[PDB]
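Structure first, commentary second.
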Amino acid sequence: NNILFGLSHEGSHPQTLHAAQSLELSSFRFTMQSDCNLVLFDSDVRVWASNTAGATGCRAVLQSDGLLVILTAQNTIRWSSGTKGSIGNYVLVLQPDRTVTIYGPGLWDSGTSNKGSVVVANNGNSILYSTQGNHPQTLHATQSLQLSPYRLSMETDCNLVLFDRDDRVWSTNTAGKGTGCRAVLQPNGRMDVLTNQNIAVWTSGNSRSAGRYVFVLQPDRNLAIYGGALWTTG
Amino acid sequence: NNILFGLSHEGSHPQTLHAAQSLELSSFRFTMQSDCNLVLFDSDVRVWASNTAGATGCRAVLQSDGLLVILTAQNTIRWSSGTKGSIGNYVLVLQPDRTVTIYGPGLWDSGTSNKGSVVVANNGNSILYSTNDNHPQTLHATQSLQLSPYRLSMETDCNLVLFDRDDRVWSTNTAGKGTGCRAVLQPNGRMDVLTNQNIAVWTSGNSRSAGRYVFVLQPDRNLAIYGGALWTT
Amino acid sequence: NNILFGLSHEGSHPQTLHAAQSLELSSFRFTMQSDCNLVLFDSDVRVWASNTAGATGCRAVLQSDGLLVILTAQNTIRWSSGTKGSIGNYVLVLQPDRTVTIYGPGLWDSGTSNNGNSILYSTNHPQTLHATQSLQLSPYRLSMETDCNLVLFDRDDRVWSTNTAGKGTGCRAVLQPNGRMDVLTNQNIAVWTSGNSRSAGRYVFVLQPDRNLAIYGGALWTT
Amino acid sequence: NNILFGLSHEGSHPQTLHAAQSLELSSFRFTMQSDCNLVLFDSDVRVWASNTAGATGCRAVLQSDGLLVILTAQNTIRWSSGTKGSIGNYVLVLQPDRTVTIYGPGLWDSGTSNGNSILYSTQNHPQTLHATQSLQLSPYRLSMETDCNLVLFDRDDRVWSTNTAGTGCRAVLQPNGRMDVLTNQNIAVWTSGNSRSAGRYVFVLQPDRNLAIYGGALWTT
Amino acid sequence: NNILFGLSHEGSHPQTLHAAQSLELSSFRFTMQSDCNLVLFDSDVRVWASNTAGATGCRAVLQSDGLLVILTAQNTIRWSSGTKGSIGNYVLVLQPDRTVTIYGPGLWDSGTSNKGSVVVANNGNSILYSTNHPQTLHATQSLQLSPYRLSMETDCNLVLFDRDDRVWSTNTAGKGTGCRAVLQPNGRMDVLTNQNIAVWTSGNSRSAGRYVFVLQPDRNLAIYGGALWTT
Amino acid sequence: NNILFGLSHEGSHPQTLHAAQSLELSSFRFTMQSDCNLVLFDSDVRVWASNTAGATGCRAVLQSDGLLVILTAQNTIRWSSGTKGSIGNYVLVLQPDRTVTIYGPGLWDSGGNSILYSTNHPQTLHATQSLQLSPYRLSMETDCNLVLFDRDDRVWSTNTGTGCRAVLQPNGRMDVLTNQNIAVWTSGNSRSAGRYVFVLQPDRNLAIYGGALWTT
């Protein structure tokens, strides 16, 4: 995918970038090379890099506090990004904007992880904050969010439905509360499914500090909001 | 799917809606039913219909001069639509604002079609012009239009590309001439692929009287754009 | 190969079914059996028979006025379809919906003589033919070309046609509920047509083992 | 099914291949073509064929002395297989080894009047019969008891048996012509009764309710 | 595989060698040739042979008291091995030892058989007795035909598997841990603890010689009993 | 299994590969054949062998000081790997990547089952994670303990909290690393830096071989 998960937890994977492991998004790649040097290329073009090279078997990993150590085999911290934030769990993502950014702690989840199948044979999967940096910055009806069996989508009933392989596994349970809805994700990480005449009928309800947050459909069937832009590149 | 292709060609099908065969967008559904009535429905809620009932084997079909006609069992018209156009190719689409509509003649195709697999085990593949709440109205970086092996993407290199399964089939070859592109289709059906910086690196060129056009990632692996817009409930 | 041509004589084989002998639409087998049972499978999972089990060297034959009969090692008739109608040429057909059934009179045809094959009608399908679009027997095929001309070819060459052409990009051929074969147009206009017809009813076009087209009509019985 | 009969009197069908018609072993195809080609396909992809596409209104038809003949609207052959031998009863079978062949003579029945051959001791197969081990055609079937017997059944009832009834026997059919009821250490417990010149022999269960040994060999491809 | 079956029944076959039919162990192929000669080869090398040549439509076939014939065309016996034992079932195996060797009658069977998908692809399915190997199995150490395979475990149980659910077993856990199963040179399976005690046994036994134990294609676990004839 | 054990004598079978006998990792197969060669099969495609085809009675056997030697009916050496290290116990392994190989020495012993190390995986274990042998398994529980048990009855733990994992060090040390990167437990021995393996033995054992010796 494009996203890396936290050293927690139950099941979204990568938990790590091992050695010529990359994150890919149409031309973004952020691979963790051979020689220990963590680097983000746009087609052929060095744009980012801990210049930490000259070494081996290093591994990319991101921490519960936010951190992005680069460990060394003997588990010695070649590099770190040193920002650091509260406990909870984080996600790092490569973004249409050409950057990589961790976001955390989290802020709300659906409670629909499920363990098994759980693929990625390519893409399509976060909704961006109302950032204006890089999108989806939303969902309209007949608009989607998808990992694999799994998908999240905006009804025409006005309902956000999550389906597992054709069968409805979690919904907003709006569904004729409205008409043009879209759901939106507030600069606060509140997910809101609002109407045609601008009205919440469904809300995620728990907001934080306005800054940029990120809604994810995780490899487990989990939907979670991750609420932090703690550190980034350009 | 939710288009209907009308009587000419490239075996992009439907080319007919028979007898108890609907067109479906989430929950909406405009179905050629069971007693010649040609109706739209949201779930149970009934929204438009031709009120042409009680008879048999009326099938629904589209024409070449834009009419949508319910044809009879023995070739007789139960009902027309009334408006007519020019010569072509028209789609008949059922849209996210709940409506049904015509575009036609068409107006630019890619040229890249394929009699072969032509798929769908659900969904969705048009882009919408600019205006109601009928979208895609822009495609973004990482954003698409998908039929089935077939897909359209807007990449980070600033280049609109066509997979056929995982492979490069048509493409704009505008890679790196921009960092933040999008592909929007204009008010006089003119696709453009514009940069960061509202500068268009590529255009479809051909256009018409403004209105409201549509572009369809065909089932023949065709890209193609249609406009007039000729009729809706 | 799924039509049984009843009797009437010109080249159209099957005219009977014999006993370890059947008609086949994959899944859908129709067999005439070693015990006097005339039987319809779906995969295997028997769906209708004549239940005539209890005889030997029994055949299936379809009549001439279109009654299908099943007749004993002695010519006497253990099961008969029943209905039966005026008199020359008909078809018992095994349809892709599983109805097992019967069309006739002969009613219209080329005049040109010596799997792929039927076009179903306006009710089951093909219910139309189209341009690249075709019906095939073996060297035979009845196609509607894009000059918008209906031709018959026999080992690629042109034995019977419409003779319509230039005239078209529009066209498709559908066969009516009264029996007209109509070569229709981009917009709904008649371009050519068979001529003649009979009653409202289901109808079939069949390309036959005789270089031919027979539309067979009204309909006379079903399962 | 996959064999064709002699123009026999006995009824036992097919006796002609016609026009849209074919005998199929499942993978392979033998059909009448309508241009006159009698052709053998594998799937699609032809393997052989008379090279006759070019006359009339044709049909495929086997003779009284195992001659394949295919022949016109006008009754004249267009191509004829060869070798004509005896003059009784033959079979033109298209086998599991893709060889199309004609057996010929007649040579023992049972007299009692898919699945059905048991090939010989030659090269193609069942080549023998063993206990819930049988050959069947339609309510008919010629099974091999555990109990050592050789019945025939027509529907759950015994139309012919070997009177033989032992513990590990299989029938196997000789290469001169007799079925055989062999056994265990290798005794005989039964034999068909006779035989004939040495060669590929076959043994169909048949629409007629009887076993019947063609016992041939007279042409192939 | 590498074994042939005595023509007495029930499931499992080869009941015969046919005519460009062989039995293979990596290298070794004991094939029934094309012109009646039965032959064994290691590579291209005529190791052994009936050298019955010139006829046609033989068949190799093995008898209920192990005679091994090369039968005819027409059921005439071109060549038999020679010896004859007693009655029951019987197996021809081609071995590491570079040998066809027949053993039988049997002497113990599990009593698991089972008609259905009777399998193979390749190999490695029988255990040799003592001087030619697995003359022993270990724990993590196994024997396996196909969708079935039996094997030694550490709770010291001997266990048989149809695809990943145990059908037979020695019903021995925590009775030791040394644990290996082995065929005695008298045809007794002994599953013995680390202290060479036996916790489970096979019962019968007879005659010392060379025996064999076989995971059949029919879920049987059987042990043939004689050691009548080799090349 | 597809690890072969040194002669070293202890309850860990294979101590030899015999002749219709072999090793296998679902596709991989490497056998001793009846032709004196020891071959490497990927499905069908012979991928690597000793080409010692023509000698007899042969065995694969792995050397007490880590050579692997292929022997005659007649104790004779048709191939040696070549390299050999110091002495007790090694392991030869046909590893998740189709590289055949050697690891030795023993280094710590608790007193699809392997856990590569650092470059092939598992390269690690979490709670829920497990290496399994057969009466037996090593798991990493989210208590953040590390037991071994035979039949869910417990033989050894570290007696260690919550999203710790377990890992094998850049030379030799087993690790109970602490969601944040801390050592909630640790083996205690270092040894050259090199590629290592940990192996749930067939003796209720677990042992880590290291420094690291021939390869294909």
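So you can find residues: chains in the structure tokens are A, B, ... in the order shown, residues in each start at 1, and ligands are numbered from 1 in order.
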Every residue of stretch 2-225 of chain A that DSSP places in strand (DSSP E), as a ChimeraX atom specification: /A:3-5,24-25,28-32,38-42,91-94,100-103,106-109,126-128,151-154,160-163,168-171,182-186,190-194,200-203,214-218,222-225
Long-range neighbours of residue C:57 as a ChimeraX atom specification, 9 Å cut-off, only C-alpha atoms, 5 positions minimum in chain: /C:18-19,33-36,71-74 /D:11-12,207-208
Quick one: everything within 7 Å of stretch 189-203 of chain F, counting only C-alpha atoms, minus sequence neighbours fewer than 3 positions away in the same chain. Send it as an NGL selection string. (:E and (140)) or (:F and (11-12 or 103 or 113-118 or 133 or 170-173 or 206-212))
Residues of chain C within 8 Å of chain D, counting only C-alpha atoms, as a PyMOL selection string: chain C and resi 1+11-13+18-21+33-35+57+114+137-140+155+209-210
Could you please take those selected residues and save C-alpha atoms as a CSV table (one decimal), in the first residue's frame?
```csv
chain,number,residue,atom,x,y,z
C,1,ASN,CA,-27.1,-30.3,-31.6
C,11,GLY,CA,-31.7,-33.7,-45.0
C,12,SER,CA,-32.6,-32.3,-41.7
C,13,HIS,CA,-31.3,-35.1,-39.5
C,18,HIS,CA,-33.1,-44.0,-31.3
C,19,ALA,CA,-32.3,-45.5,-27.9
C,20,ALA,CA,-29.0,-44.8,-26.6
C,21,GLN,CA,-29.5,-41.5,-28.6
C,33,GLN,CA,-33.5,-44.6,-23.2
C,34,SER,CA,-32.7,-48.4,-22.7
C,35,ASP,CA,-35.8,-48.8,-20.7
C,57,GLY,CA,-36.3,-50.8,-28.3
C,114,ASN,CA,-29.2,-29.6,-51.2
C,137,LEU,CA,-24.1,-25.0,-38.7
C,138,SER,CA,-21.0,-26.1,-40.1
C,139,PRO,CA,-19.7,-24.8,-43.3
C,140,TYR,CA,-23.1,-22.8,-43.0
C,155,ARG,CA,-18.1,-22.5,-47.1
C,209,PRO,CA,-28.7,-29.1,-42.2
C,210,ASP,CA,-30.1,-28.4,-45.8
```
Pull out every residue of chain F sitting within 9 Å of chain E, counting only C-alpha atoms, and send them as a PyMOL selection string. chain F and resi 1+11-14+18-21+33-35+57+133-136+150-151+202-204
Residues near stretch 103-113 of chain B, anyone? I mean within 9 Å using only C-alpha atoms, not counting same-chain ones fewer than 6 positions away, as JSON, numbers by chain. {"B": [10, 64, 65, 66, 85, 86, 87, 88, 89, 90, 91, 92, 93, 169, 170, 189, 190, 204, 205, 206, 207, 208, 212, 213, 214, 218, 219, 220, 221, 222, 223, 224, 225, 226, 227, 228, 229, 230, 231]}
If I take atom CA of residue E:46 and atom CA of residue D:185, how far is one from the other in Å, to one decimal?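 It comes out at 29.5 Å.
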Interface residues on chain A facing chain B, 8 Å, only C-alpha atoms, written as an NGL selection string: :A and (25-28 or 43 or 96-97 or 124 or 134-135 or 140-142 or 155-157 or 180)
Keeping only C-alpha atoms, write those residues as a compact mmCIF listing (two decimals), in the first residue's frame.
```
# COMPACT_ATOMS: atom_id res chain seq x y z
CA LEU A 25 1.62 5.47 -4.68
CA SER A 26 1.68 5.97 -8.57
CA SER A 27 5.41 6.97 -8.81
CA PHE A 28 5.96 7.79 -5.27
CA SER A 43 10.24 8.13 -10.84
CA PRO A 96 -0.36 12.23 -3.40
CA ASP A 97 1.50 15.44 -2.47
CA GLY A 124 -7.39 2.91 -2.68
CA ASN A 134 -3.69 15.73 -2.15
CA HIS A 135 -6.88 13.77 -2.32
CA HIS A 140 -19.88 11.61 -2.62
CA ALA A 141 -22.53 8.94 -3.37
CA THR A 142 -21.43 6.40 -5.75
CA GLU A 155 -24.81 5.41 -0.34
CA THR A 156 -27.59 7.15 -2.28
CA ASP A 157 -29.79 6.04 0.69
CA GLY A 180 -26.97 14.43 -1.91
```
Using only C-alpha atoms, which residue out of B:178, B:14, B:57, B:211 lies closest to chain C?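 Answer, going by the shortest atom-to-atom distance: B:57.
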Rows by chain and residue number, chain A within 7 Å of chain F, shortest pair, only C-alpha atoms, as a tab-separated table:
```
residue	atom	partner	partner_atom	distance
A:7	CA	F:179	CA	6.2
A:8	CA	F:163	CA	6.6
A:57	CA	F:118	CA	6.5
A:63	CA	F:180	CA	5.6
A:64	CA	F:180	CA	5.9
A:73	CA	F:170	CA	4.8
A:74	CA	F:170	CA	4.6
```
Dump as a PDB file, in the first residue's frame, selection limited to N, CA and C atoms:
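Result file is part05.pdb:
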```pdb
ATOM      1  N   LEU A   7       3.843   0.065  15.525  1.00  0.00           N
ATOM      2  CA  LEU A   7       4.345  -1.180  16.098  1.00  0.00           C
ATOM      3  C   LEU A   7       3.292  -1.904  16.900  1.00  0.00           C
ATOM      4  N   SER A   8       2.167  -1.266  17.199  1.00  0.00           N
ATOM      5  CA  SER A   8       0.829  -1.808  17.437  1.00  0.00           C
ATOM      6  C   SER A   8      -0.230  -1.984  16.260  1.00  0.00           C
ATOM      7  N   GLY A  57      21.741  -4.082   7.024  1.00  0.00           N
ATOM      8  CA  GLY A  57      20.576  -4.755   7.279  1.00  0.00           C
ATOM      9  C   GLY A  57      19.773  -3.848   8.171  1.00  0.00           C
ATOM     10  N   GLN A  63       7.297   3.413  15.582  1.00  0.00           N
ATOM     11  CA  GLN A  63       7.126   3.369  16.994  1.00  0.00           C
ATOM     12  C   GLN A  63       5.833   3.885  17.544  1.00  0.00           C
ATOM     13  N   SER A  64       5.549   3.556  18.795  1.00  0.00           N
ATOM     14  CA  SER A  64       4.249   3.751  19.449  1.00  0.00           C
ATOM     15  C   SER A  64       3.994   5.160  19.982  1.00  0.00           C
ATOM     16  N   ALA A  73      19.826  -3.705  12.860  1.00  0.00           N
ATOM     17  CA  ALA A  73      20.351  -5.087  12.959  1.00  0.00           C
ATOM     18  C   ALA A  73      20.625  -4.626  14.411  1.00  0.00           C
ATOM     19  N   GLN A  74      21.525  -5.161  15.181  1.00  0.00           N
ATOM     20  CA  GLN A  74      21.773  -5.240  16.543  1.00  0.00           C
ATOM     21  C   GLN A  74      20.838  -4.364  17.306  1.00  0.00           C
TER      22      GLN A  74
END
```
Spatial neighbours of residue A:107, 8 Å, only C-alpha atoms, chain gap at least 4 places, as a ChimeraX atom specification: /A:189,206-208,224-227
Now that the selection is made, can you save its residues with C-alpha atoms as a short mmCIF file (atom, residue, chain, number, x, y, z; two decimals), in the first residue's frame?
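Once written, part.cif looks like this:
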```cif
data_model
loop_
_atom_site.label_atom_id
_atom_site.label_comp_id
_atom_site.auth_asym_id
_atom_site.auth_seq_id
_atom_site.Cartn_x
_atom_site.Cartn_y
_atom_site.Cartn_z
CA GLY A 189 -10.80 14.50 12.62
CA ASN A 206 -14.63 12.91 18.95
CA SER A 207 -12.48 15.78 17.58
CA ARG A 208 -9.03 17.13 18.61
CA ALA A 224 -10.00 4.36 12.22
CA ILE A 225 -9.15 8.13 12.29
CA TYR A 226 -5.50 9.05 12.94
CA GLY A 227 -5.04 12.30 14.37
#
```
Which value, in Å to one decimal, gives the distance between atom CA of residue D:173 and atom CA of residue D:201?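 Value for the atom CA of residue D:173-atom CA of residue D:201 distance: 8.2 Å.
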Residue contacts of residue E:198 (12 Å, only C-alpha atoms) excluding same-chain residues fewer than 2 positions away, as a ChimeraX atom specification: /E:156,170,172,175-184,188-196,200-203
Excluding residue E:65 and any residue of its chain fewer than 2 positions from it, enumerate the residues within 8 Å of it, using only C-alpha atoms, and give them as a VMD selection string. (chain D and resid 185) or (chain E and resid 63 67 84 to 90 104 to 105)
Selection to disk with C-alpha atoms, as a compact mmCIF listing (two decimals), in the first residue's frame:
```txt
# COMPACT_ATOMS: atom_id res chain seq x y z
CA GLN D 185 -3.87 -67.48 -8.68
CA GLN E 63 0.12 -63.50 -8.12
CA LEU E 67 4.13 -66.07 -8.41
CA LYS E 84 5.41 -69.84 -4.40
CA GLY E 85 4.39 -69.21 -0.88
CA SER E 86 1.07 -69.58 0.70
CA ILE E 87 -1.93 -67.44 0.15
CA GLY E 88 -3.00 -63.84 1.01
CA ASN E 89 -1.92 -60.56 -0.39
CA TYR E 90 1.57 -59.74 -1.58
CA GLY E 104 4.04 -61.82 1.65
CA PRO E 105 1.42 -62.97 2.98
```
I need the chain B residues near chain C as number ranges by chain; criterion: at most 12 Å, counting only C-alpha atoms. B: 6-11, 13, 15-20, 34, 56-77, 80, 84-90, 115
Residue subset to file, keeping N, CA and C atoms, as a short mmCIF file (atom, residue, chain, number, x, y, z; two decimals), in the first residue's frame:
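The resulting file, result-v6.cif, is reproduced below:
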```cif
data_model
loop_
_atom_site.label_atom_id
_atom_site.label_comp_id
_atom_site.auth_asym_id
_atom_site.auth_seq_id
_atom_site.Cartn_x
_atom_site.Cartn_y
_atom_site.Cartn_z
N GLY B 6 -26.36 3.10 -27.81
CA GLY B 6 -27.80 2.88 -28.40
C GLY B 6 -27.42 2.04 -29.61
N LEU B 7 -28.23 1.92 -30.61
CA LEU B 7 -28.08 1.06 -31.72
C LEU B 7 -26.76 1.22 -32.30
N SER B 8 -25.86 1.97 -32.81
CA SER B 8 -24.49 1.67 -33.21
C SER B 8 -23.36 1.44 -32.21
N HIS B 9 -22.62 0.40 -32.54
CA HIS B 9 -21.55 -0.41 -32.46
C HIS B 9 -20.48 -1.32 -32.15
N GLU B 10 -19.41 -0.77 -31.66
CA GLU B 10 -18.37 -1.31 -30.82
C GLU B 10 -19.09 -2.14 -29.74
N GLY B 11 -19.82 -3.17 -29.97
CA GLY B 11 -20.30 -3.98 -28.92
C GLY B 11 -19.95 -3.58 -27.48
N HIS B 13 -22.06 -2.94 -24.61
CA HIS B 13 -23.47 -3.33 -24.42
C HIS B 13 -23.99 -2.94 -23.11
N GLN B 15 -27.70 -2.91 -25.50
CA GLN B 15 -27.74 -2.13 -26.78
C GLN B 15 -29.24 -2.26 -26.62
N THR B 16 -29.78 -2.96 -25.61
CA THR B 16 -31.11 -3.21 -25.09
C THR B 16 -31.56 -3.65 -23.64
N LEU B 17 -32.73 -3.12 -23.27
CA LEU B 17 -33.15 -3.51 -22.02
C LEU B 17 -34.48 -4.14 -22.42
N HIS B 18 -34.46 -5.37 -21.99
CA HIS B 18 -35.50 -6.26 -22.15
C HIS B 18 -35.93 -6.29 -20.72
N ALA B 19 -37.02 -6.84 -20.90
CA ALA B 19 -38.23 -7.37 -20.32
C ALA B 19 -37.75 -7.61 -18.94
N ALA B 20 -36.87 -7.42 -18.04
CA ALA B 20 -37.16 -7.45 -16.62
C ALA B 20 -35.74 -7.43 -16.03
N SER B 34 -42.00 -5.68 -17.10
CA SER B 34 -42.68 -6.94 -16.91
C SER B 34 -43.98 -6.76 -17.65
N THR B 56 -47.18 -6.78 -23.73
CA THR B 56 -46.08 -7.63 -23.70
C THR B 56 -45.09 -7.69 -24.91
N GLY B 57 -43.96 -7.82 -24.12
CA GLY B 57 -42.65 -8.08 -24.39
C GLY B 57 -42.11 -6.82 -24.97
N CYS B 58 -42.46 -5.73 -24.28
CA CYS B 58 -42.01 -4.39 -24.81
C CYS B 58 -40.55 -4.39 -24.46
N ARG B 59 -39.62 -3.97 -25.29
CA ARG B 59 -38.26 -3.92 -24.81
C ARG B 59 -38.03 -2.39 -25.07
N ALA B 60 -37.06 -1.90 -24.33
CA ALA B 60 -36.55 -0.58 -24.29
C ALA B 60 -35.34 -0.34 -25.13
N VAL B 61 -34.23 -0.63 -25.78
CA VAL B 61 -33.65 0.19 -26.87
C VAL B 61 -33.46 1.68 -27.20
N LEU B 62 -32.14 1.95 -27.60
CA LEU B 62 -31.95 3.35 -27.91
C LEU B 62 -31.62 3.68 -29.27
N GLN B 63 -32.13 4.83 -29.75
CA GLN B 63 -31.74 5.19 -31.07
C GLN B 63 -30.67 5.95 -31.60
N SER B 64 -30.62 6.50 -32.78
CA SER B 64 -29.43 6.96 -33.35
C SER B 64 -29.59 8.43 -33.58
N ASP B 65 -30.73 8.87 -33.10
CA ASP B 65 -31.11 10.26 -33.49
C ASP B 65 -31.63 10.51 -32.11
N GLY B 66 -30.98 9.92 -31.13
CA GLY B 66 -31.25 10.10 -29.78
C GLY B 66 -32.64 9.59 -29.43
N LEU B 67 -33.51 8.84 -30.10
CA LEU B 67 -34.72 8.67 -29.26
C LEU B 67 -34.64 7.50 -28.33
N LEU B 68 -35.29 7.46 -27.23
CA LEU B 68 -35.31 6.26 -26.42
C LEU B 68 -36.69 5.83 -26.68
N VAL B 69 -37.26 4.82 -27.16
CA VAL B 69 -38.30 4.02 -27.60
C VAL B 69 -38.31 2.59 -27.00
N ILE B 70 -39.51 2.35 -26.52
CA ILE B 70 -40.19 1.20 -26.12
C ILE B 70 -41.02 0.68 -27.18
N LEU B 71 -40.53 -0.34 -27.83
CA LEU B 71 -40.68 -1.19 -28.92
C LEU B 71 -41.30 -2.41 -28.35
N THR B 72 -42.12 -2.56 -29.38
CA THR B 72 -43.00 -3.69 -29.13
C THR B 72 -42.49 -5.00 -29.67
N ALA B 73 -42.79 -6.08 -29.05
CA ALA B 73 -43.05 -7.45 -29.34
C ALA B 73 -43.31 -7.67 -30.84
N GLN B 74 -43.97 -6.71 -31.51
CA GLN B 74 -43.93 -6.97 -32.92
C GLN B 74 -43.45 -5.78 -33.63
N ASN B 75 -42.56 -5.03 -33.07
CA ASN B 75 -41.90 -3.97 -33.73
C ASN B 75 -42.75 -2.70 -33.77
N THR B 76 -43.78 -2.60 -32.92
CA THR B 76 -44.40 -1.38 -32.89
C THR B 76 -44.17 -0.40 -31.79
N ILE B 77 -43.45 0.74 -31.77
CA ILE B 77 -43.42 1.81 -30.75
C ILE B 77 -44.35 2.03 -29.62
N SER B 80 -42.40 6.93 -27.23
CA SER B 80 -41.17 7.53 -27.68
C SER B 80 -40.79 8.50 -26.53
N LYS B 84 -35.12 14.62 -30.73
CA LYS B 84 -34.41 13.75 -31.62
C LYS B 84 -33.20 14.57 -31.95
N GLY B 85 -32.10 13.99 -32.47
CA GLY B 85 -31.00 14.79 -32.77
C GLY B 85 -30.36 14.47 -34.09
N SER B 86 -29.07 14.28 -33.78
CA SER B 86 -28.16 14.08 -34.92
C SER B 86 -27.48 12.84 -35.40
N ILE B 87 -26.24 12.41 -35.94
CA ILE B 87 -26.50 11.05 -36.24
C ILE B 87 -26.03 10.13 -35.28
N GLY B 88 -24.88 9.91 -34.90
CA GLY B 88 -24.68 9.04 -33.81
C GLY B 88 -25.21 8.19 -32.77
N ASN B 89 -24.01 8.28 -32.13
CA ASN B 89 -23.83 7.39 -30.96
C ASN B 89 -24.34 8.08 -29.76
N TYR B 90 -25.27 7.69 -28.93
CA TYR B 90 -25.72 8.23 -27.72
C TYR B 90 -25.60 7.36 -26.59
N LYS B 115 -12.65 -5.81 -29.19
CA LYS B 115 -13.55 -6.98 -29.01
C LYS B 115 -12.60 -8.00 -28.32
#
```
Using atom CA of residue E:128 and atom CA of residue E:185 as the two end points, give the distance in Å to one decimal. 9.0 Å
